[PDB]
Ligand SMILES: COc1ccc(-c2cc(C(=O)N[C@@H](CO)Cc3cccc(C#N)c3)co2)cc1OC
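As a starting point, one isolated chain is supplied in structure tokens, in the form deposited without the named molecule.
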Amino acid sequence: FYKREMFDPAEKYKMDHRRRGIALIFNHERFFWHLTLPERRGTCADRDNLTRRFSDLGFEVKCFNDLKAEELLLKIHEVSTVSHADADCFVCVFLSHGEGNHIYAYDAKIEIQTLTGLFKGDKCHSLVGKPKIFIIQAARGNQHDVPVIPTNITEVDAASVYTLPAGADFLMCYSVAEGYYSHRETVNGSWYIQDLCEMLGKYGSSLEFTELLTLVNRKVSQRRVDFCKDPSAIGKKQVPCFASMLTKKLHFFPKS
């Protein structure tokens, strides 16, 4: 027996490289005053949660806190230009505010297509044909703070970031879709990241990853705020989504 080159409806990405790969986490808790954006209490919990879960799946996790845009671009360009020949895949997470096709760094916004474009085709040959997974927790910062230099509560932010696709073998994962609202607990973290991390821990090492993101869709879209705390948040449902350009099934079975 051998596998002839016939179309296989069950084909999986090859995940038997020496290393799982790098997972970058860009964590943004506060912003330059000229941006008029509120701080994001709870994001440090998200960052730590994600680090534990992706480390357990075999990723080399690198976190960066509150980088300026020039610094962020430098760092992500450095990762896009090294060889990933010995890696299975690549993960990039943004924890911030966003608007349209932009995510905010500390001092300025950056276009999502600029960040994903660094990993397309022969800009990053050693990731061609490998999953490139971007996870974005970014929505509209509520701006009732001034344009001047300056307990567990749930903050509710309108969806603002477009659910953009990218190239072949990219998977773009969004905390919330247009017309819905993103939620973050100031001590426990974001609804989306909490539920993503819980599902990674329970099922990440077995379930196909888009099947796992569908579980996250279900968990998040079924959450509600306590009515006695913030009646304002009634009817502000959160529905995540993911935009898949993947071409094979993706698993994170423990590496041998």
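One rule holds for the numbers: they count along the sequence shown, beginning at 1.
Legend entry - Residue gap status of residue 148, at least a third of other entries: Residue status for residue 148: gap in at least one third of the other entries.
Legend entry - Continuity check for residue 150 and residue 151, given as deposited residues lacking coordinates between them: Unresolved stretch here: 10 or more residues.
Inset, instruction - Mind pulling up the entry and telling me whether 155-163 or 71-79 has the higher mean Cα temperature factor? - result: According to the entry, 71-79 carries the higher average C-alpha B-factor.
Inset, instruction - Using only the Cα atoms and their B-factors as the entry lists them, report which of 43-51 and 29-37 averages higher. - result: Of 29-37 and 43-51, the stretch with the higher C-alpha B-factor average is 29-37.
Inset, instruction - Determine which member of 145, 169, 111, 88 has the highest CA B-factor, using the values in the deposited entry. - result: Comparing C-alpha B-factors across 145, 169, 111, 88, the maximum falls on 145.
Inset, instruction - From the list 239, 24, 234, 15, select the residue with the highest C-alpha B factor recorded in the entry. - result: The C-alpha B-factor peaks, among 239, 24, 234, 15, at 234.
Inset, instruction - Would you please rank residue 195 by its C-alpha temperature factor against the other modelled residues of its chain and give the third it falls in: lowest, middle or highest? - result: Middle third of the chain for residue 195's C-alpha B-factor.
Inset, instruction - Rank-wise, by C-alpha B-factor, drop residue 228 into the lowest, middle or highest third of its chain. - result: CA B-factor rank for residue 228: highest third.
Legend entry - residue 98, C-alpha B-factor rank within chain (lowest, middle or highest third): It falls in the bottom third of the chain.
Inset, instruction - Determine, from the deposited record, the chain-internal third of the Cα B-factor for residue 187: lowest, middle or highest. - result: Within its chain, residue 187 is a highest-third residue by C-alpha B-factor, going by the deposited values.
Inset, instruction - Could you say whether, by C-alpha temperature factor, residue 2 belongs to the lowest, middle or highest third of its chain? - result: Tercile = highest for this residue's CA B-factor.
Below, we turn to the form deposited with the named molecule bound, even though it does not appear here.
Legend entry - Open or blocked, once the named molecule is placed by superposing site C-alphas in the deposited bound form (3+ ligand atoms within 2.4 Å of backbone or C-beta means blocked): Blocked, per the superposed partner pose.
Legend entry - The unique member of 197, 37, 213, 57 whose heavy atoms fall within 4.5 Å of the named molecule in the deposited bound form: Looking at the other structure, the residue within range turns out to be 37.
Inset, instruction - Check each of 134, 106, 119, 181 and return the one that places a heavy atom within 4.5 angstroms of the named molecule in the deposited bound form. - result: Filtering the options by heavy-atom distance leaves 181.
Inset, instruction - Tell me, yes or no, whether residue 99 is in contact with the named molecule in the deposited bound form, where a contact means a heavy atom of each within 4.5 Å. - result: Close contact exists here: in the deposited bound form, residue 99 approaches the named molecule to within 4.5 Å, heavy atoms only.
Inset, instruction - Indicate whether the named molecule has at least one heavy atom within 4.5 Å of a heavy atom of residue 208 in the deposited bound form. - result: Taking the distances in the deposited bound form, the answer for residue 208 is no, it never comes within 4.5 Å of the named molecule.
Inset, instruction - Report yes if any heavy atom of residue 229 sits within 4.5 Å of a heavy atom of the named molecule in the deposited bound form; otherwise report no. - result: Residue-level check for residue 229: yes, a contact with the named molecule.
Legend entry - Any non-hydrogen atom of residue 22 within 4.5 angstroms of the named molecule in the deposited bound form: It does not: once the named molecule is placed as it appears in the deposited bound form, residue 22 has no heavy atom within 4.5 Å of it.
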